Amino acid sequence: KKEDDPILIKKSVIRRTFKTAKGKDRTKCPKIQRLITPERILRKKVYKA
RNA sequence: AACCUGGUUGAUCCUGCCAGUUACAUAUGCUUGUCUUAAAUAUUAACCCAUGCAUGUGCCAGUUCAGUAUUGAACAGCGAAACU
Ligand SMILES: [Mg+2]
Ligand SMILES: [Mg+2]
Ligand SMILES: [Mg+2]
Ligand SMILES: [Mg+2]
Ligand SMILES: [Mg+2]
């Protein structure tokens, strides 16, 4: 849902899991762009200031 | 260094050039031992060109699910590619 909490977006992002050519075991995650974080809102407040 | 000398006649004083002398550029011939500098395919053909190189660029501050590393379970170090 749109009304939904950002942390629900955080928890639902896909994980990638894979085996390195070296034979190692690793897991990679994407970063969320557009995400509403405290930092965005702070910057906004400061500009209006 | 504000200087001139040789050549017309049988001899002479003139005009006048030629020639010498001087510097400086290219060129060249012979000859070349140190040290300090150092121009350099302008002139002829803005003629023709094999090959190599002479224009690239990343920070903490645009984009990383590359990779690496057993990394704050959204990423967070290092760091391609590729957008910008
Ligand atoms: Mg006469
Ligand atoms: Mg005579
Ligand atoms: Mg003369
Ligand atoms: Mg010596
Ligand atoms: Mg690059």
# chains A, B, ... in the order shown; residues from 1 in each chain; ligands from 1
call {"tool": "residues_around", "arguments": {"residues": "residue 74 (chain B)", "least_positions_apart": "6", "cutoff": "12 Å", "atoms": "only C-alpha atoms (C1' of nucleotides)", "output": "list in words"}}
result
residues 6, 7, 8, 9, 10, 11, 12, 13, 14, 15, 28, 29, 30, 31, 32, 33, 34, 35, 36 and 37 of chain A; 65 of chain B
call {"tool": "select_by_dssp", "arguments": {"residues": "chain A", "states": "helix (DSSP H, G or I)", "output": "short mmCIF file (atom, residue, chain, number, x, y, z; two decimals) with C-alpha atoms, in the first residue's frame"}}
result
data_model
loop_
_atom_site.label_atom_id
_atom_site.label_comp_id
_atom_site.auth_asym_id
_atom_site.auth_seq_id
_atom_site.Cartn_x
_atom_site.Cartn_y
_atom_site.Cartn_z
CA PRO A 6 9.24 2.70 4.61
CA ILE A 7 10.52 -0.20 6.75
CA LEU A 8 8.11 -2.52 4.92
CA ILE A 9 9.85 -1.49 1.70
CA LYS A 10 13.18 -2.11 3.43
CA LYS A 11 12.20 -5.62 4.56
CA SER A 12 10.74 -6.61 1.17
CA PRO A 38 14.88 11.12 7.79
CA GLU A 39 17.60 12.81 5.79
CA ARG A 40 15.40 13.82 2.84
CA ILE A 41 12.85 15.36 5.18
CA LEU A 42 15.56 17.19 7.13
CA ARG A 43 16.99 18.69 3.94
CA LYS A 44 13.47 19.79 2.95
CA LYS A 45 12.82 21.48 6.29
CA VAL A 46 16.17 23.29 6.03
CA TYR A 47 15.49 24.59 2.50
CA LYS A 48 12.09 25.98 3.49
#
call {"tool": "closest_atom_pairs", "arguments": {"of": "chain B", "to": "ligand 3", "cutoff": "10 Å", "atoms": "only C-alpha atoms (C1' of nucleotides) and all ligand atoms", "output": "JSON lines"}}
result
{"residue": "B:18", "atom": "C1'", "partner": "ligand 3", "partner_atom_place_in_ligand_line": "1 (Mg)", "distance": 8.0}
{"residue": "B:19", "atom": "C1'", "partner": "ligand 3", "partner_atom_place_in_ligand_line": "1 (Mg)", "distance": 6.7}
{"residue": "B:20", "atom": "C1'", "partner": "ligand 3", "partner_atom_place_in_ligand_line": "1 (Mg)", "distance": 7.5}
{"residue": "B:21", "atom": "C1'", "partner": "ligand 3", "partner_atom_place_in_ligand_line": "1 (Mg)", "distance": 8.8}
call {"tool": "write_last_selection", "arguments": {"atoms": "C-alpha atoms (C1' of nucleotides)", "output": "PDB file, in the first residue's frame"}}
result
ATOM      1  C1'   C B  18      86.296  47.596 -60.741  1.00  0.00           C
ATOM      2  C1'   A B  19      89.154  45.085 -56.933  1.00  0.00           C
ATOM      3  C1'   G B  20      90.769  44.817 -51.789  1.00  0.00           C
ATOM      4  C1'   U B  21      89.164  45.478 -46.651  1.00  0.00           C
TER       5        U B  21
END
call {"tool": "residues_near_ligand", "arguments": {"ligand": "ligand 4", "cutoff": "12 Å", "atoms": "only C-alpha atoms (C1' of nucleotides) and all ligand atoms", "output": "PDB file with C-alpha atoms (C1' of nucleotides), in the first residue's frame"}}
result
ATOM      1  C1'   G B  33      91.157  18.530 -27.336  1.00  0.00           C
ATOM      2  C1'   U B  34      88.410  20.100 -22.314  1.00  0.00           C
ATOM      3  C1'   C B  35      84.086  22.956 -19.593  1.00  0.00           C
TER       4        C B  35
END
call {"tool": "select_by_dssp", "arguments": {"residues": "chain A", "states": "strand (DSSP E)", "output": "ChimeraX atom specification"}}
result
/A:16-19,25-28
call {"tool": "residues_around", "arguments": {"residues": "residue 20 (chain A)", "least_positions_apart": "6", "cutoff": "10 Å", "atoms": "only C-alpha atoms (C1' of nucleotides)", "output": "list in words"}}
result
residues 26 and 27 of chain A; 67 of chain B
call {"tool": "write_last_selection", "arguments": {"atoms": "N, CA and C atoms (P, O5', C5', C4', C3', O3' and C1' of nucleotides)", "output": "PDB file, in the first residue's frame"}}
result
ATOM      1  N   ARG A  26      28.431 -15.873  -0.875  1.00  0.00           N
ATOM      2  CA  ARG A  26      28.165 -14.441  -0.662  1.00  0.00           C
ATOM      3  C   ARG A  26      26.740 -13.983  -0.987  1.00  0.00           C
ATOM      4  N   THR A  27      26.362 -12.829  -0.443  1.00  0.00           N
ATOM      5  CA  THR A  27      25.017 -12.284  -0.622  1.00  0.00           C
ATOM      6  C   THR A  27      25.026 -10.768  -0.854  1.00  0.00           C
TER       7      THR A  27
ATOM      8  P     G B  67      29.230 -10.094  -8.830  1.00  0.00           P
ATOM      9  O5'   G B  67      30.810  -9.951  -8.718  1.00  0.00           O
ATOM     10  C5'   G B  67      31.665 -10.428  -9.744  1.00  0.00           C
ATOM     11  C4'   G B  67      33.054  -9.872  -9.578  1.00  0.00           C
ATOM     12  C3'   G B  67      33.669 -10.078  -8.203  1.00  0.00           C
ATOM     13  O3'   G B  67      34.272 -11.351  -8.084  1.00  0.00           O
ATOM     14  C1'   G B  67      33.958  -7.825  -8.883  1.00  0.00           C
TER      15        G B  67
END
call {"tool": "residues_around", "arguments": {"residues": "region 22-31 of chain B", "least_positions_apart": "5", "cutoff": "12 Å", "atoms": "only C-alpha atoms (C1' of nucleotides)", "output": "PDB file with C-alpha atoms (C1' of nucleotides), in the first residue's frame"}}
result
ATOM      1  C1'   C B   4      90.861  53.758 -46.805  1.00  0.00           C
ATOM      2  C1'   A B  42      61.573  28.644 -42.742  1.00  0.00           C
ATOM      3  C1'   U B  43      63.664  29.409 -47.714  1.00  0.00           C
TER       4        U B  43
END
call {"tool": "residues_near_ligand", "arguments": {"ligand": "ligand 2", "cutoff": "9 Å", "atoms": "only C-alpha atoms (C1' of nucleotides) and all ligand atoms", "output": "list in words"}}
result
residues 8, 9 and 10 of chain B
call {"tool": "residues_near_ligand", "arguments": {"ligand": "ligand 5", "cutoff": "9 Å", "atoms": "only C-alpha atoms (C1' of nucleotides) and all ligand atoms", "output": "ChimeraX atom specification"}}
result
/B:57-58,80-82
call {"tool": "write_last_selection", "arguments": {"atoms": "C-alpha atoms (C1' of nucleotides)", "output": "PDB file, in the first residue's frame"}}
result
ATOM      1  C1'   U B  57      38.541  12.822 -16.746  1.00  0.00           C
ATOM      2  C1'   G B  58      35.755  10.002 -10.250  1.00  0.00           C
ATOM      3  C1'   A B  80      35.024  -2.161 -13.111  1.00  0.00           C
ATOM      4  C1'   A B  81      31.499  -1.578 -16.669  1.00  0.00           C
ATOM      5  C1'   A B  82      27.913   1.567 -18.265  1.00  0.00           C
TER       6        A B  82
END
call {"tool": "closest_atom_pairs", "arguments": {"of": "chain B", "to": "chain A", "cutoff": "9 Å", "atoms": "only C-alpha atoms (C1' of nucleotides)", "output": "tab-separated table"}}
result
residue	atom	partner	partner_atom	distance
B:64	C1'	A:30	CA	8.3
B:65	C1'	A:30	CA	4.7
B:70	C1'	A:26	CA	6.8
B:71	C1'	A:28	CA	8.8
B:73	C1'	A:11	CA	7.5
B:74	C1'	A:31	CA	5.0
B:75	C1'	A:31	CA	4.5
call {"tool": "atom_distance", "arguments": {"atom1": "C1' of residue 66 (chain B)", "atom2": "CA of residue 18 (chain A)"}}
result
13.2 Å
call {"tool": "atom_distance", "arguments": {"atom1": "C1' of residue 41 (chain B)", "atom2": "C1' of residue 53 (chain B)"}}
result
21.2 Å
call {"tool": "atom_distance", "arguments": {"atom1": "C1' of residue 83 (chain B)", "atom2": "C1' of residue 61 (chain B)"}}
result
19.2 Å
